[PDB]
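What follows is the content of input38.tsv, which has TSV, C-alpha atoms:
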```tsv
chain	number	residue	atom	x	y	z
A	112	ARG	CA	26.91	-35.09	11.15
A	113	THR	CA	23.36	-35.85	10.03
A	114	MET	CA	22.38	-32.40	11.30
A	115	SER	CA	25.15	-30.48	9.53
A	116	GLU	CA	23.94	-31.79	6.17
A	117	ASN	CA	20.46	-30.46	6.93
A	118	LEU	CA	21.80	-27.06	7.98
A	119	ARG	CA	24.15	-26.90	5.00
A	120	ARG	CA	21.25	-27.38	2.57
A	121	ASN	CA	19.04	-24.89	4.42
A	122	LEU	CA	21.82	-22.31	4.21
A	123	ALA	CA	21.99	-22.58	0.41
A	124	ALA	CA	18.21	-22.46	-0.04
A	125	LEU	CA	18.20	-19.10	1.74
A	126	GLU	CA	20.71	-17.32	-0.50
A	127	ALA	CA	18.89	-18.63	-3.57
A	128	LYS	CA	15.77	-16.69	-2.55
A	129	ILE	CA	17.69	-13.56	-1.60
A	130	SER	CA	18.96	-13.43	-5.18
A	131	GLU	CA	15.42	-13.74	-6.54
A	132	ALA	CA	14.11	-11.11	-4.13
A	133	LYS	CA	16.81	-8.64	-5.14
A	134	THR	CA	16.04	-8.98	-8.85
A	135	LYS	CA	12.32	-8.39	-8.25
A	136	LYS	CA	12.98	-5.37	-6.04
A	137	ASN	CA	14.44	-3.53	-9.03
A	138	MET	CA	11.39	-4.21	-11.22
A	139	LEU	CA	8.94	-3.18	-8.50
A	140	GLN	CA	10.71	0.06	-7.63
A	141	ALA	CA	10.51	0.93	-11.32
A	142	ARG	CA	6.75	0.31	-11.50
A	143	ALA	CA	6.16	2.38	-8.37
A	144	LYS	CA	7.90	5.40	-9.90
A	145	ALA	CA	5.97	5.10	-13.17
A	146	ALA	CA	2.61	4.77	-11.42
A	147	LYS	CA	3.30	7.81	-9.24
A	148	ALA	CA	4.28	10.00	-12.19
A	149	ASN	CA	1.05	9.07	-13.99
A	150	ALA	CA	-1.00	9.84	-10.89
A	151	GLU	CA	0.34	13.40	-10.80
A	152	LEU	CA	-0.36	13.83	-14.52
A	153	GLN	CA	-3.96	12.64	-14.26
A	154	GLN	CA	-4.49	14.98	-11.31
A	155	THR	CA	-3.19	17.91	-13.37
A	156	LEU	CA	-5.57	17.26	-16.28
A	157	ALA	CA	-8.52	17.12	-13.88
A	158	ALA	CA	-7.78	20.48	-12.25
A	159	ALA	CA	-7.36	22.09	-15.68
A	160	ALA	CA	-10.74	20.76	-16.81
A	161	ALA	CA	-12.23	21.97	-13.52
A	162	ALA	CA	-11.07	25.55	-14.12
A	163	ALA	CA	-12.58	25.49	-17.63
A	164	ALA	CA	-11.03	28.81	-18.64
A	165	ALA	CA	-12.10	28.16	-22.24
A	166	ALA	CA	-15.75	28.11	-21.16
A	167	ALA	CA	-15.42	31.47	-19.40
B	2	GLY	CA	-14.53	-14.47	26.04
B	3	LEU	CA	-15.93	-10.97	25.63
B	4	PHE	CA	-12.59	-9.37	26.53
B	5	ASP	CA	-10.84	-11.62	24.04
B	6	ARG	CA	-13.18	-10.30	21.35
B	7	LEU	CA	-12.61	-6.68	22.36
B	8	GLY	CA	-8.88	-7.39	22.51
B	9	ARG	CA	-8.77	-8.80	18.98
B	10	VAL	CA	-10.66	-5.74	17.70
B	11	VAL	CA	-8.41	-3.13	19.32
B	12	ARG	CA	-5.28	-5.10	18.45
B	13	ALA	CA	-6.32	-5.33	14.78
B	14	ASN	CA	-6.92	-1.58	14.44
B	15	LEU	CA	-3.44	-0.85	15.79
B	16	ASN	CA	-1.86	-3.36	13.39
B	17	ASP	CA	-3.64	-1.78	10.42
B	18	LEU	CA	-2.59	1.68	11.58
B	19	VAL	CA	1.04	0.55	11.34
B	20	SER	CA	0.55	-1.19	8.00
B	21	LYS	CA	-0.32	2.06	6.20
B	22	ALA	CA	2.82	3.72	7.56
B	23	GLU	CA	4.93	1.33	5.45
B	24	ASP	CA	6.23	3.13	2.35
B	25	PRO	CA	6.66	0.45	-0.36
B	26	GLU	CA	9.78	2.10	-1.76
B	27	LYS	CA	11.80	2.35	1.46
B	28	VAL	CA	10.70	-0.80	3.28
B	29	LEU	CA	11.14	-3.06	0.27
B	30	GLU	CA	14.92	-2.55	0.18
B	31	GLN	CA	15.35	-2.61	3.96
B	32	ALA	CA	13.68	-6.03	3.96
B	33	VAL	CA	16.46	-7.32	1.70
B	34	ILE	CA	19.15	-5.76	3.89
B	35	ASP	CA	17.72	-7.47	6.97
B	36	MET	CA	17.47	-10.80	5.15
B	37	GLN	CA	21.11	-10.53	4.04
B	38	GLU	CA	22.63	-9.94	7.49
B	39	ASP	CA	20.47	-12.74	8.90
B	40	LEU	CA	22.53	-15.03	6.67
B	41	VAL	CA	25.77	-13.58	8.05
B	42	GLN	CA	24.67	-14.42	11.60
B	43	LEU	CA	23.47	-17.87	10.56
B	44	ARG	CA	26.71	-18.83	8.83
B	45	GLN	CA	28.75	-18.04	11.95
B	46	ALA	CA	26.56	-20.27	14.13
B	47	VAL	CA	26.64	-23.17	11.67
B	48	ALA	CA	30.43	-23.11	11.34
B	49	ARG	CA	30.70	-23.15	15.13
B	50	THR	CA	28.85	-26.49	15.14
B	51	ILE	CA	31.01	-27.91	12.33
B	52	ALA	CA	34.09	-27.23	14.46
B	53	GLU	CA	32.79	-29.65	17.09
B	54	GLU	CA	31.92	-32.54	14.79
B	55	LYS	CA	35.54	-32.23	13.67
B	56	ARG	CA	36.62	-32.29	17.30
C	168	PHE	CA	8.44	-7.75	1.12
C	169	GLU	CA	5.37	-9.59	-0.18
C	170	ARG	CA	3.09	-7.23	1.75
C	171	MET	CA	4.83	-4.26	0.11
C	172	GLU	CA	4.62	-5.72	-3.39
C	173	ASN	CA	0.81	-5.70	-3.28
C	174	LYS	CA	0.79	-1.99	-2.39
C	175	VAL	CA	2.83	-1.32	-5.53
C	176	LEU	CA	0.47	-3.32	-7.73
C	177	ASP	CA	-2.51	-1.44	-6.29
C	178	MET	CA	-0.96	1.92	-7.21
C	179	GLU	CA	-0.05	0.80	-10.72
C	180	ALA	CA	-3.59	-0.40	-11.50
C	181	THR	CA	-5.22	2.72	-10.04
C	182	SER	CA	-3.09	4.99	-12.24
C	183	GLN	CA	-3.54	2.95	-15.41
C	184	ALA	CA	-7.32	2.68	-15.15
C	185	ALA	CA	-7.82	6.42	-14.62
C	186	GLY	CA	-5.52	7.16	-17.54
C	187	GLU	CA	-7.11	4.56	-19.80
C	188	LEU	CA	-10.62	5.85	-19.16
C	189	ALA	CA	-9.58	9.43	-19.90
C	190	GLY	CA	-8.18	8.10	-23.17
C	191	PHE	CA	-11.77	7.73	-24.29
C	192	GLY	CA	-13.79	10.79	-25.22
C	193	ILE	CA	-14.28	12.26	-28.63
C	194	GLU	CA	-11.76	15.10	-28.60
C	195	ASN	CA	-8.81	13.06	-27.35
C	196	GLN	CA	-9.70	10.32	-29.83
C	197	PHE	CA	-10.05	12.66	-32.82
C	198	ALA	CA	-6.79	14.38	-31.85
C	199	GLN	CA	-5.04	11.12	-32.77
C	200	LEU	CA	-6.11	11.32	-36.42
C	201	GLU	CA	-3.44	12.74	-38.70
C	202	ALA	CA	-5.58	14.97	-40.94
C	203	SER	CA	-7.64	16.11	-37.96
C	204	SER	CA	-6.59	19.78	-38.10
C	205	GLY	CA	-9.03	20.83	-40.84
C	206	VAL	CA	-7.05	22.95	-43.32
C	207	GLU	CA	-6.49	20.24	-45.92
C	208	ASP	CA	-8.49	22.15	-48.54
C	209	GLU	CA	-6.41	25.34	-48.40
C	210	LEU	CA	-3.35	23.13	-47.95
C	211	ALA	CA	-4.34	21.41	-51.19
C	212	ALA	CA	-5.00	24.78	-52.83
C	213	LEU	CA	-1.51	25.83	-51.73
C	214	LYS	CA	-0.03	22.57	-53.01
C	215	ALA	CA	-1.68	23.32	-56.34
C	216	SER	CA	0.44	26.48	-56.54
```
Render the structure in this file as structure tokens.
Amino acid sequence: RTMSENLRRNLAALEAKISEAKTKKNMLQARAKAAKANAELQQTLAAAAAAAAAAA
Amino acid sequence: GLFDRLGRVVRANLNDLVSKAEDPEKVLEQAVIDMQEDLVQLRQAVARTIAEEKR
Amino acid sequence: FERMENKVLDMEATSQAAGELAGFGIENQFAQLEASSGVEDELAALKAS
């Protein structure tokens, strides 16, 4: 009964950090979609400037 | 040892080769799934020891 | 999870820096000025009518 107190605290400390992890997951998955959309845009502007149709 | 040093080189390349297969978007939610069911297993084992203190 | 968070922060910074640097340059910067189109004289001459 001195062990079950230790385990019973360790069990609650785990679920506390699952809750934090799950809130951060949402914010990170948002940032990864935004960054990937901007990468495709900046690649499009480069290829346009490389064709330079207005110089021809 | 020389073959320790070669081992740690070849082992580190293989571990890096895996690390860049991890897609941040897929693995980051699987990690939370795994960490949730770990708590389901743990709670069963704890309760099984509480039953015996009672007994 | 922590190892995968750093990958996300690397992508975000790489995108933002390339976009920020392309935000410099004379044409893109002048394009942000309101009266930048250069017809304000004939526009004014029309407004006079």
Selected residue of minimal separation from chain A among C:199, C:181, C:204, C:216, counting only C-alpha atoms: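 Ranked by minimum distance to chain A, first place goes to C:181.
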Within 8 Å of chain B, which residues of chain C come that close, and what is the closest atom pair and distance in Å for each? Count all atoms listed in the file and give it as a tab-separated table.
```
residue	atom	partner	partner_atom	distance
C:168	CA	B:29	CA	5.5
C:171	CA	B:25	CA	5.1
C:172	CA	B:25	CA	7.2
C:174	CA	B:25	CA	6.7
C:175	CA	B:25	CA	6.7
```
Contacts between chain A and chain C, please, where a residue of chain C counts if it comes within 7 Å (with all atoms listed in the file); show its shortest atom pair and distance in Å to one decimal, rows by chain and ascending number, as JSON lines.
```
{"residue": "C:175", "atom": "CA", "partner": "A:143", "partner_atom": "CA", "distance": 5.7}
{"residue": "C:178", "atom": "CA", "partner": "A:146", "partner_atom": "CA", "distance": 6.2}
{"residue": "C:179", "atom": "CA", "partner": "A:146", "partner_atom": "CA", "distance": 4.8}
{"residue": "C:182", "atom": "CA", "partner": "A:150", "partner_atom": "CA", "distance": 5.5}
{"residue": "C:186", "atom": "CA", "partner": "A:153", "partner_atom": "CA", "distance": 6.6}
```
Please give the centre and size of the box around stretch 134-144 of chain A (axis-aligned, containing every atom listed in the file, 8 Å added per side), with values in Å to one decimal and written as AutoDock Vina command-line options.
```
--center_x 11.1 --center_y -1.8 --center_z -8.8 --size_x 25.9 --size_y 30.4 --size_z 21.5
```
Distance in Å - atom CA of residue A:129 versus atom CA of residue B:35: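 Taking atom CA of residue A:129 as the start and atom CA of residue B:35 as the end point, the length is 10.5 Å.
Using all atoms listed in the file, the nearest neighbour of residue A:114 within the list B:15, B:51, B:10, B:34 is B:51.
Note that atom CA of residue A:115 and atom CA of residue B:54 are 8.8 Å apart.
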Computed interatomic separation between atom CA of residue A:122 and atom CA of residue B:52 (Å): 16.7 Å
Among the residues B:18, B:8, B:13, B:40, the one that comes closest to chain A [using only C-alpha atoms]: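 Going through B:18, B:8, B:13, B:40 one by one, the smallest distance to chain A is for B:40.
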